[PDB]
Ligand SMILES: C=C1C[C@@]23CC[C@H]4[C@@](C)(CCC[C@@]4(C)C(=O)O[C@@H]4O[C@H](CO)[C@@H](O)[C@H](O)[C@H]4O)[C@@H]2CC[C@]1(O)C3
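Given as structure tokens, the chain that follows is alone and in the form deposited without this ligand.
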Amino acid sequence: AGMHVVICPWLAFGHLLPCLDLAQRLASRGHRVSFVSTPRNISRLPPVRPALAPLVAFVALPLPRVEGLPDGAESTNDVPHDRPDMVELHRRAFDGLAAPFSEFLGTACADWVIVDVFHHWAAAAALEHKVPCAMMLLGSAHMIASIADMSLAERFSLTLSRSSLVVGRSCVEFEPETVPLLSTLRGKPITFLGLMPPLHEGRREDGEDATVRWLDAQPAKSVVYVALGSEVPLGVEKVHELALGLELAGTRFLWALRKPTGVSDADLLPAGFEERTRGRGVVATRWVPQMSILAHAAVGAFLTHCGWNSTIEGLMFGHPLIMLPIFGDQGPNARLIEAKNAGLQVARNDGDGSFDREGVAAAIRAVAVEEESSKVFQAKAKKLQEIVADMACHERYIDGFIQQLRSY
């Protein structure tokens, strides 16, 4: 019997985009999915695959106006990094979705609600409407174990209290040391839905892209690919530390650079940085074919944030990770990849809790430059690729997850 699944992700593209993938994996089995978000966030998502058009419905709830929160500032991506006051206003707008969400669910005939840790009010609405609620923790088993071992912490606690089930993004193949030791998170059952590696997007025609024609000219495993994504909660000064770290370490690099919100193109990069790195380094601020780039023989390492989604994209192509300390909650996921010898976290300075050019260069030296250490990182990441890129294994975990939703 097909189910109606309501999915309400956190208002961050790093949460929305994996949830849109999950929505399509569930729809692929004949489940009706309601993807609930705000209009400008929905308008900015990629289109659903045509095959899933009748099965995935976008439900747009308007964010209420909050004085100080710009019109159209619907995602964390839209709030300048330097403004914790506007971060709080965005949360106050998000919590205004409680009544419209409850009104929607009242008539949705939903079988499940699936929400992020932020959604204390959505879990309350699920209880009010007697719909079981799954709380997403789409990270490693190690991250869930580390958790087991209004403030964001108060919000998390209240959503977990009000949920039926916790959902992780791993499997016993990837974490055989942890998954078998887990049953519950503070008395709530844990289900793992696999690694859900992204569906292959690479196309023959990507070979024409100037970035790939540049990679074609470079030695095998010589290029550090850098991609922090659209979000980048970094001040311009940390973009500069990253730039100078890439420069000082001396490797070839291809940097898919999306500006932090509010930063001018004039201020984005250190003076003379592009001039000094011409030929060894390419900065691309436009769209790039990322999956064709990660499949390229020239790419030897992936420099990204600590985020689990990016870790999985890198390991799907057998690249060791250089992980910038950008997202606090992502610590355990990066510490797991370091424990597997498949990557290195860039040093976090006990000052700003952030990185400098010296830590970036040191990480690149160890993962990409030194002969002995880079060989070990490459071999460990290639070994992990066998598990991450096993697409049928991960589809069976989606079926297992659906069975757990039914069973409950």
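Sequential numbering from 1, following the sequence displayed. For the two forms, the rigid core is made up of the largest set of C-alpha atoms that agree within 1.5 Å on superposition.
Omitted here: the form solved in complex with this ligand. The next part is about that form.
**Q** Place this ligand on this chain by superposition, using its pose in the entry with it bound; is the pocket open, or blocked by 3 or more ligand atoms lying within 2.4 Å of backbone or C-beta atoms?
**A** After the site C-alphas are aligned, the pocket of the shown chain is blocked to the transferred ligand.
**Q** This ligand in the entry with it bound: within 4.5 Å of a heavy atom of each of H15, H81 and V117?
**A** Checking in the entry with it bound: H15, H81 and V117 are all within 4.5 Å of this ligand.
**Q** Should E231 be counted as a contact of this ligand in the entry with it bound, where contact means heavy atoms within 4.5 Å?
**A** Yes, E231 lies within 4.5 Å of this ligand in the entry with it bound.
**Q** According to a 4.5 angstroms non-hydrogen atom cut-off, is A153 in contact with this ligand in the entry with it bound?
**A** Judged by the heavy-atom cut-off of 4.5 Å, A153 is in contact with this ligand in the entry with it bound.
**Q** How about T191 - does it come within 4.5 Å of this ligand in the entry with it bound, if we only consider non-hydrogen atoms?
**A** No, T191 stays farther than 4.5 Å from this ligand in the entry with it bound.
**Q** Just to confirm, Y397 within 4.5 Å of this ligand in the entry with it bound by heavy atoms?
**A** Because no heavy atom of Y397 falls inside 4.5 Å of this ligand in the entry with it bound, the answer is no.
**Q** Considering this ligand in the entry with it bound, find the one stretch among 212-220, 124-132, 266-274, 323-331 with heavy atoms no farther than 4.5 Å from it.
**A** Correct option: 323-331.
**Q** Of the residues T76, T178, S164, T251, which one places a heavy atom within 4.5 Å of this ligand in the entry with it bound?
**A** Result of the distance check: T76.
**Q** Here the chain is shown alone; which of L137, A108, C171, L182 has a heavy atom within 4.5 Å of this ligand in the entry with it bound?
**A** It is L137.
**Q** Heavy atom within 4.5 Å of this ligand in the entry with it bound: which residues of 285-309 qualify?
**A** Nothing in this stretch is in contact.
**Q** Considering only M316, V179, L138, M291, which residue exhibits a C-alpha shift of no less than 2 Å between this form and the one not shown, with the rigid core used for superposition?
**A** Once the cores are aligned, the residue moving by 2 Å or more is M291.
**Q** Tell me, please, whether between this form and the one not shown the C-alpha of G328 is shifted by 2 Å or more, with the rigid core used for superposition.
**A** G328 C-alpha, core-superposed: shift of 2 Å or more.
**Q** For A53, state whether the C-alpha moves by 2 Å or more between this form and the one not shown after rigid core superposition.
**A** No, shifts by less than 2 Å.
**Q** Could you tell me whether the Cα atom of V282 shifts by at least 2 Å between this form and the one not shown after core superposition?
**A** Indeed, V282 is displaced by 2 Å or more.
**Q** How does the C-alpha distance between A93 and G353 change in the entry with it bound compared with the present structure, closer or farther, given a change of 3 angstroms or more?
**A** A93 and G353 sit farther apart in the entry with it bound.
**Q** Report the direction of the Cα distance change between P84 and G353 in the entry with it bound, compared with the displayed form, as closer or farther; the change is 3 Å or more.
**A** Between the C-alphas of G353 and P84, the gap widens in the entry with it bound (3 Å or more compared with this form).
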